[PDB]
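> Provided hereafter are the protein sequence and its experimental coordinates.
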Amino acid sequence: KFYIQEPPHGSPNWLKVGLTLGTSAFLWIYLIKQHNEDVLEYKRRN
Amino acid sequence: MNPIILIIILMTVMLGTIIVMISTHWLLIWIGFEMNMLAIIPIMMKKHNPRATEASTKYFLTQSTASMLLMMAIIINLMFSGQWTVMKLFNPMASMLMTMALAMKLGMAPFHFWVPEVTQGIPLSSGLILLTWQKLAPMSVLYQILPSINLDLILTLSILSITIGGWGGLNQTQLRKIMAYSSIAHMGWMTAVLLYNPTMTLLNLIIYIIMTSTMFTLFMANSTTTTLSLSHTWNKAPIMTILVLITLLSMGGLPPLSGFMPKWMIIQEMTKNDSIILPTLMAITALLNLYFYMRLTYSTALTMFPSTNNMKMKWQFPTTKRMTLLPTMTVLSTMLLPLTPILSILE
Amino acid sequence: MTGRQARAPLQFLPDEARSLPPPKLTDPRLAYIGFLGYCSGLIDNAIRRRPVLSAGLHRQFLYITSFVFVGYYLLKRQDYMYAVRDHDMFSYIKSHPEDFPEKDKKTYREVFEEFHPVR
Amino acid sequence: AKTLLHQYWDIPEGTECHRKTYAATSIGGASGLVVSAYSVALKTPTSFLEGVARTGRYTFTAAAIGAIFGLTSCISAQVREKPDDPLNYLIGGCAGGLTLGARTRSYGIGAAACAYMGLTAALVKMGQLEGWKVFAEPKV
Amino acid sequence: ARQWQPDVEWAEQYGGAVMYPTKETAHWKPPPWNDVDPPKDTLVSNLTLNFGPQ
Amino acid sequence: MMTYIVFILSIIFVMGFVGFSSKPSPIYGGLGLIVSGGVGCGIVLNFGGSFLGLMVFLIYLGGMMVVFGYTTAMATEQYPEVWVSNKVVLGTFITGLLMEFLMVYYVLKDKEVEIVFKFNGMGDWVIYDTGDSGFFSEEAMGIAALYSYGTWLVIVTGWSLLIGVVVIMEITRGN
Amino acid sequence: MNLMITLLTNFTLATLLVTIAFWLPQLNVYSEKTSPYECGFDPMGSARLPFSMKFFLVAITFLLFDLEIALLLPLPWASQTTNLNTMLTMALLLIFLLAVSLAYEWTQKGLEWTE
Amino acid sequence: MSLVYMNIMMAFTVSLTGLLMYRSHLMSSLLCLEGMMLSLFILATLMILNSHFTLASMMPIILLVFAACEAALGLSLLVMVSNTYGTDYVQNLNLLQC
């Protein structure tokens, strides 16, 4: 439809978006874990 | 130009500056400087022309004799008090020669005559990586041996580099000599705080490196050497216009934008001493290094110059280049006014 | 200033950074960081000639996550540096009594001022 | 050198006249030799005789500046005898600027030289009499 | 469009070697665009030897 | 009779090396340079260093060999300059030798020379080793520490020399 | 300075050979012998003429491997230490790096042109 | 004080000025850089030898191997210079103007 000889993209890859969302969900999980540890650490030392 | 080979050579640039960062033996600092020079030669001369040849020649002579002057300084240090510790020196003579060797290295106003030349002919990746590493690495050593420097040297070279970088910038209608004189101006403001509180100097260093990274990325996006090409990049792409606007205005250092967080904090931790007339003369010349930014942005977007056709032809083909990292460094460089208590991240 | 844990220089947060409160949820500075990540992703979609607020929503998520994570560690460093500065200051205050004299802050019934009016 | 500009400041005000003027000529000649050394270093005067001629011209003008400034400084301090006000050195800097304009035989550049040099010299007196430091504390 | 736009003479001001000319300004030449000057030849060629009679 | 022989070798060193530094043609420059390198090797050999000076004479020599090859290759005149050929080179050589003999005068027949430091003008048998029991000729072990303790140092040395090799290769190749 | 004594005696030997060459035997009639000979033809200009060279890499290669000779020469004194395996490791790394440099410019045909 | 120290500093200063002002040859410049290297070498060696600073006597050998490979770099660049011209004076350097 309507193109000539090349989509350089347009049908997006199924590698990079899955990898970036996977590591970004990993980073959100780890930061929530960090902040919970920090609240526990403050109320532990005091 | 195998990419294995270029990854090797830039890894040696990495290794040279890491050796300069890591070591307390003076020979290792001198070796790191030399290795940085050795690897930074063939990043240039990827061209064939004698432009790159003679520019690398000038760079070689100036940078090599500055390194040998540094070795002279370390030798007079050990004719005096015998230690290989990077610490307070024990000679005004050796500190004089050492600061002048670093002054030839990173460029001061009596010593900058290789800088517009060496940026005049080289390609843009070469200029980017030499400006970033070759202006980061001597400032580490200056931070290391700050408490034993005769103040007249640093201060006079700083004032003179600011006023020469302001004065010479008014004429050059290329891009790279404008960028070189801007480098001189920022190195003047980086050196000028070194005897008072060096956290400001290293913050000035990081923000200047981010500004230059954005600048050279926005000159890699378009093969530009004069303002005429900048007018054609007005007529080919709209977002480049306002990005050149905001980045050149932050090169000027205006308060709502984020080129002001260096200057203002420097004036703070400068005028908490009783030097006032000299910082306000510095800041008036820092007003003066801004008119060539203004005529540049005038030529880019604030006016509309006539463009040649075949931009009709260029409209079909998008700017599908590589960018190093354009937007992240851009908005980290431009919207970072209210995070001034992220001064103390650096210390 | 100079460390004051100039022993582990790369120690980005020491054991002494476990005593002050961590940066809370929806603090205004980390909110501004997330806003900058949102604007960063907007202008990144503006670069590559792709539609704004469209087809880069995963990049919106990634940029916002990256900046919020970085700014989280930066805020923790900020709080540690200002806490150790305040503690060192107060130790040097308590250390020397006689060198920091408390003036007799007298009241204004006898503290004279020259006036020099305007007419 | 710090020693002979210290000799210039350490002339009391007071009158040790013709010696204040000799020190002012020495400062002007030193400054002229600086400027002339650079300007012959970056011109290749073609030839060496013309280089001596150019350095003689620049040191000649700068020594004239130093002489005329020292003379009008001493004359003002003898006539009015008030070391407090910088108006004597204001007259001094404007006299030096007008005589620089005389040595170049242009008039507008000489007038701007009068204005800028008068203000800067009166400022130097004003800050030294008020007491401002030489460039630094360097402490905090 | 009655909104004035700058012109070819503004461009010729803003184009060239340097901005402000002097009495020396002819020597600064307009620099090339590939940064390579193609014509360069001054005949640095072969050298003779008379490997001769005896 | 003579005692200042290390200082006299230094004087000969400075004479030949200043006539080197006055820049005549590199043929004569290399002649004065190898004269200076040999007598500097004599200085450091007579001072106490066993092999290091003869070593550096060898290395420095080979460098001057390659320098001579390239000055035959590239920089040739219709008639090259000597010290006594041109006005400027002759003036520089006479003035440098003049400053040398003037320093000789102020050291010999006077007390103190204070150009950059108050240099104590007397003979260099002081200071010196007071007969300490070496038994292993100190500088031999002083270089032998390079492979014992010298872990990081020769790593960066050999790495930079490998980079030097590939750098020369790519700059020559880049035509 | 015993070597200096011997060097002085050999220089006096060389000067007596110079003087017995020039002064003593016979005369020195001039006016054509001073001409430069090539094969029977007076050449163009003279020598000291710009002479290009073939090798470009080999001389600098000589220079760098002479410097690496200089690094390698305290192998005899190194051979008596308590840290033997470290000495062996760094020495093998030095020669292995040297041979890597040689074989690199050997496979990248650095020596396959006008040697 | 050991008067050889002052004399080698004298030779240093003169070789430095010879490296700075120079008539036309790049070759003489590289040559006098190599000379000033040798001067700094001999001075540092006599320092260490008076000190009995036997532990880190890596300074002479490593100082000079690094500075001689700098000279090797310079000879490569002089090869490129004399390749793109016939004469390599101060003339045929005036392009790429300041």
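Thanks, I have it. Residues are numbered from 1 along each chain as shown, chains lettered A, B, ... in the order given.
> what about the strands in chain A?
Per DSSP state E, chain A carries no strands over any range.
> nearest residue to the middle of it?
residue A:24 (1.5 Å; C-alpha atoms, centre = their mean).
> what strand or helix carries the residue nearest the centre of chain C?
For chain C, residue C:78 is the residue whose C-alpha lies nearest the centre (C-alpha atoms, centre = their mean; 4.4 Å). Using DSSP states H and E, residue C:78 maps to helix C:57-95.
> ok, now which ones touch the residue nearest to the centre of chain A?
Contacts of residue A:24 were listed using C-beta atoms under 8 Å, 6 or more residues apart in numbering or on different chains, and they are C:58, C:61-62, C:65. For every residue, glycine as well, the C-beta is placed using N, CA and C.
> likewise for residue E:18?
Residue E:18 makes contact with B:171-173, E:25, E:28 under the criterion C-beta under 8 Å, 6+ apart.
> which one of the residues in chain D is closest to chain C?
Residue nearest to chain C within chain D: residue D:140 (10.9 Å; C-beta to the nearest C-beta).
> can you count the residues close to that residue?
9 (other C-beta atoms under 10 Å in any protein chain shown).
> residue C:90 now?
10.
> surely residue G:70 meets residue H:63?
No - assessed by C-beta atoms under 8 Å, residue G:70 is found out of contact with residue H:63, at 11.6 Å.
> which positions in chain C make contact with chain A?
Taking C-beta under 8 Å from any C-beta of the partner chain as the criterion, chain C approaches chain A at residues C:18-22, C:25, C:58-59, C:61-62, C:65-66, C:68-69, C:72, C:76.
> if any of those are buried, put those into a PyMOL selection.
Buried residues among the residues of chain C next to chain A (16 or more other C-beta atoms under 10 Å in any protein chain shown), as a PyMOL selection:
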select buried, chain C and resi 20+22+58+59+61+62+65+66+68+69+72+76
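> that older thread, and of the contacts of residue E:18, the nearest to residue C:33?
Set against residue C:33, the nearest of the contacts of residue E:18 by C-beta to C-beta is residue B:172 (38.3 Å).
> for that closest one, name its beta-bridge partners.
When assigned by DSSP bridges, residue B:172 has beta-bridge partners residue E:18.
> show me what contacts it?
B:116, B:178, B:181, B:292, E:18-19.
> tell me the contacts of the most centrally placed residue in chain H?
Central residue of chain H (C-alpha atoms, centre = their mean): residue H:33, 2.2 Å from the mean position. Residue H:33 sits next to B:64-65, B:68, H:19, H:70-71, H:74 when contact means C-beta under 8 Å, 6+ apart.
> dump those to JSON lines, plus secondary structure, neighbour count and distance to chain E.
Formatted as JSON lines, these follow (DSSP: H, G, I helix; E, B strand; the rest coil; neighbours: other C-beta atoms under 10 Å in any protein chain shown; distance: C-beta to the nearest C-beta, whole Å):
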{"residue": "B:64", "secondary structure": "helix", "neighbour count": "21", "distance to chain E": "25"}
{"residue": "B:65", "secondary structure": "helix", "neighbour count": "18", "distance to chain E": "27"}
{"residue": "B:68", "secondary structure": "helix", "neighbour count": "23", "distance to chain E": "31"}
{"residue": "H:19", "secondary structure": "helix", "neighbour count": "23", "distance to chain E": "28"}
{"residue": "H:70", "secondary structure": "helix", "neighbour count": "22", "distance to chain E": "27"}
{"residue": "H:71", "secondary structure": "helix", "neighbour count": "22", "distance to chain E": "25"}
{"residue": "H:74", "secondary structure": "helix", "neighbour count": "22", "distance to chain E": "22"}
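> scan chain G for its longest helix.
As assigned by DSSP state H, the longest helix anywhere in chain G is helix G:84-107.
> that one near chain H anywhere?
No - if you take C-beta under 8 Å from any C-beta as the test, helix G:84-107 misses chain H, and the best it gets is 12.0 Å.
> what's that helix packed up against?
Counting contacts by 3 or more C-beta pairs under 8 Å, 6 or more residues apart in numbering or on different chains; DSSP states H and E, helix G:84-107 packs against helix F:151-173, helix G:57-72, helix G:75-78.
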